[PDB]
Amino acid sequence: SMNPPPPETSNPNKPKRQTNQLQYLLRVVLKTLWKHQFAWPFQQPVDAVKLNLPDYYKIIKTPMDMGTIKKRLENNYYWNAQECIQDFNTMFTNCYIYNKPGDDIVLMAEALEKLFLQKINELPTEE
Ligand SMILES: O=C(CCl)Nc1ccc(/N=N/c2ccc(S(=O)(=O)O)cc2)cc1S(=O)(=O)O
Ligand SMILES: O=C(CCl)Nc1ccc(/N=N/c2ccc(S(=O)(=O)O)cc2)cc1S(=O)(=O)O
Ligand SMILES: O=C(CCl)Nc1ccc(/N=N/c2ccc(S(=O)(=O)O)cc2)cc1S(=O)(=O)O
Ligand SMILES: O=C(CCl)Nc1ccc(/N=N/c2ccc(S(=O)(=O)O)cc2)cc1S(=O)(=O)O
Ligand SMILES: O=C(CCl)Nc1ccc(/N=N/c2ccc(S(=O)(=O)O)cc2)cc1S(=O)(=O)O
């Protein structure tokens with residue numbers, strides 16, 4: 001079995017800029033989300049080889065993870081906060097599509113998402 005290449009975290013072809021909202025999202029990742037135990041399955045791309053889930057990248061064609069998101073934020077990859085929020089929602093949706101409701105991984109994703117939603121409710125107005 002083989003993993004796909006991980007999502008890009010730099011792209012000289014893709015427009016980008018620094019904004020106060022994206023700095024907010026970076027510190028949300030670094031200072032609020034990452035530190036919880038429930039984050040550990042989401043801190044890196046799914047290793048379908050190690051997990052013995054050969055179906056994973058058959059089912060999930062838009063993989064995303066918080067390790068990728070953190071790097072994108074650190075690297076100023078995004079043009080706006082909507083792009084970053086979309087990446088979080090892709091990560092959560094993948095988990096909910098792939099796993100049975102009630103599975104521990106779904107509960108972990110829901111804990112992470114609850115915290116995430118609390119923070120994006122307080123997203124600062126863009127400067
Ligand atoms: O230096 C430039 C343009 Cl000035 N080239 C470039 C620019 C962007 C690029 N993007 N590559 C990827 C690779 C993977 C994904 S992903 O798996 O969908 O996340 C996205 C973009 C690849 C390349 S390149 O193939 O390495 O030339
Ligand atoms: O990217 C920018 C650059 Cl100005 N802005 C942005 C980007 C995303 C955004 N999304 N906010 C939310 C708020 C709540 C949910 S909800 O709880 O899942 O309904 C989703 C997105 C709000 C905004 S904003 O309201 O325009 O600041
Ligand atoms: O097509 C699906 C998802 Cl793959 N239907 C589904 C939907 C929900 C489900 N069971 N969910 C739960 C969730 C929580 C508990 S609990 O921890 O005992 O409260 C039990 C079942 C099982 C299934 S099912 O096992 O696949 O029929
Ligand atoms: O995000 C999701 C799944 Cl994608 N929420 C969800 C949605 C429905 C759900 N259903 N749980 C149950 C629990 C018990 C029964 S019963 O004992 O068979 O009546 C059915 C569904 C469990 C959950 S979950 O346990 O929080 O995953
Ligand atoms: O570290 C990587 C490689 Cl870039 N990926 C990864 C990604 C997720 C993961 N664990 N995922 C799950 C899935 C389901 C459950 S369960 O529902 O509680 O059984 C737990 C962890 C394990 C791993 S792994 O152990 O490191 O292979």
# chains A, B, ... in the order shown; residues from 1 in each chain; ligands from 1
call {"tool": "closest_atom_pairs", "arguments": {"of": "chain A", "to": "ligand 3", "cutoff": "9 Å", "atoms": "only C-alpha atoms and all ligand atoms", "output": "JSON lines"}}
result
{"residue": "A:97", "atom": "CA", "partner": "ligand 3", "partner_atom_place_in_ligand_line": "4 (Cl)", "distance": 8.0}
{"residue": "A:98", "atom": "CA", "partner": "ligand 3", "partner_atom_place_in_ligand_line": "4 (Cl)", "distance": 7.9}
{"residue": "A:99", "atom": "CA", "partner": "ligand 3", "partner_atom_place_in_ligand_line": "4 (Cl)", "distance": 6.6}
{"residue": "A:100", "atom": "CA", "partner": "ligand 3", "partner_atom_place_in_ligand_line": "4 (Cl)", "distance": 4.3}
{"residue": "A:101", "atom": "CA", "partner": "ligand 3", "partner_atom_place_in_ligand_line": "11 (N)", "distance": 4.4}
{"residue": "A:102", "atom": "CA", "partner": "ligand 3", "partner_atom_place_in_ligand_line": "13 (C)", "distance": 3.5}
{"residue": "A:103", "atom": "CA", "partner": "ligand 3", "partner_atom_place_in_ligand_line": "13 (C)", "distance": 7.0}
{"residue": "A:104", "atom": "CA", "partner": "ligand 3", "partner_atom_place_in_ligand_line": "17 (O)", "distance": 8.7}
call {"tool": "write_last_selection", "arguments": {"atoms": "N, CA, C and O atoms", "output": "short mmCIF file (atom, residue, chain, number, x, y, z; two decimals), in the first residue's frame"}}
result
data_model
loop_
_atom_site.label_atom_id
_atom_site.label_comp_id
_atom_site.auth_asym_id
_atom_site.auth_seq_id
_atom_site.Cartn_x
_atom_site.Cartn_y
_atom_site.Cartn_z
N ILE A 97 -17.38 11.28 7.32
CA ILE A 97 -17.72 10.43 6.18
C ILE A 97 -17.12 9.03 6.34
O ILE A 97 -17.79 8.02 6.08
N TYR A 98 -15.86 8.98 6.75
CA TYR A 98 -15.12 7.73 6.74
C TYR A 98 -15.50 6.82 7.91
O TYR A 98 -15.55 5.60 7.75
N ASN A 99 -15.77 7.41 9.07
CA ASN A 99 -15.97 6.63 10.30
C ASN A 99 -17.43 6.55 10.73
O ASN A 99 -18.19 7.48 10.54
N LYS A 100 -17.80 5.44 11.35
CA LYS A 100 -19.15 5.29 11.88
C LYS A 100 -19.47 6.32 12.97
O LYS A 100 -18.62 6.61 13.82
N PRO A 101 -20.68 6.90 12.95
CA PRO A 101 -21.05 7.77 14.06
C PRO A 101 -20.86 7.05 15.40
O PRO A 101 -21.11 5.85 15.51
N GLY A 102 -20.40 7.79 16.39
CA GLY A 102 -20.17 7.21 17.70
C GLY A 102 -18.79 6.61 17.90
O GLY A 102 -18.41 6.33 19.04
N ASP A 103 -18.03 6.40 16.82
CA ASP A 103 -16.66 5.91 16.95
C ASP A 103 -15.84 6.91 17.75
O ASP A 103 -16.08 8.12 17.68
N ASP A 104 -14.85 6.42 18.51
CA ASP A 104 -14.06 7.33 19.33
C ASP A 104 -13.42 8.43 18.47
O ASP A 104 -13.35 9.58 18.91
#
call {"tool": "residues_around", "arguments": {"residues": "residue 119 in chain A", "least_positions_apart": "2", "cutoff": "12 Å", "atoms": "only C-alpha atoms", "output": "list in words"}}
result
residues 21, 24, 25, 26, 27, 28, 29, 31, 32, 33, 85, 112, 113, 114, 115, 116, 117, 121, 122, 123 and 124 of chain A
call {"tool": "atom_distance", "arguments": {"atom1": "CA of residue 69 in chain A", "atom2": "atom 8 (C, counted along the ligand's line) of ligand 4"}}
result
27.2 Å
call {"tool": "atom_distance", "arguments": {"atom1": "CA of residue 72 in chain A", "atom2": "atom 26 (O, counted along the ligand's line) of ligand 4"}}
result
28.9 Å
call {"tool": "closest_residue", "arguments": {"among": "A:62, A:44, A:52, A:86", "to": "ligand 1", "atoms": "only C-alpha atoms and all ligand atoms"}}
result
A:62
call {"tool": "residues_near_ligand", "arguments": {"ligand": "ligand 1", "cutoff": "7 Å", "atoms": "only C-alpha atoms and all ligand atoms", "output": "NGL selection string"}}
result
:A and (5-8 or 11-13)
call {"tool": "residues_near_ligand", "arguments": {"ligand": "ligand 2", "cutoff": "6 Å", "atoms": "only C-alpha atoms and all ligand atoms", "output": "count of residues only"}}
result
8
call {"tool": "atom_distance", "arguments": {"atom1": "CA of residue 45 in chain A", "atom2": "atom 21 (C, counted along the ligand's line) of ligand 4"}}
result
29.0 Å
